[PDB]
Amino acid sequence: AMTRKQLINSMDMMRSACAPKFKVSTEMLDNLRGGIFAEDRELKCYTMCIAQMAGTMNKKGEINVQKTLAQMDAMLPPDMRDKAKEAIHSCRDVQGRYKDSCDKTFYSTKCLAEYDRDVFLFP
């Protein structure tokens, strides 16, 4: 799996690909990585772009939870891995409450952060 430094480098590259498509500032993006979620549609759709870049958005506009779990297994350092997977399982039905795909990814991500803020990270 990646080290935490490598994981951050990977997340930074995903941010650098997706952030230009949305009216999202460093304050908004750093806050999001830190588990603070501005209620801003541009930030919600940024989270969907990140899920799309990870290849975890199906073409129906839903989150592929099994693919997300397989990525965390492969990529996350062990102090993060089992906790991230338990968070993902816990939050797997949040997306069913939202019609809009940017809502699905934003609120699913916020569920992961609330599950354990010390483990949580996001691009």
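Counting begins at 1, following the sequence as shown.
In this entry, 86 to 94 has the higher mean Cα B-factor, the comparison being between 32 to 40 and 86 to 94. Just going by the entry, 57 to 65 versus 23 to 31 on mean CA temperature factor gives the higher value to 57 to 65. In this PDB entry, the Cα temperature factor of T109 sits in the bottom third of its chain's modelled residues, the lowest group. In the deposited entry, the Cα temperature factor of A51 places it in the middle third of its chain's modelled residues. In this PDB entry, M2 carries a Cα temperature factor that places it within the highest third of its chain's modelled residues.
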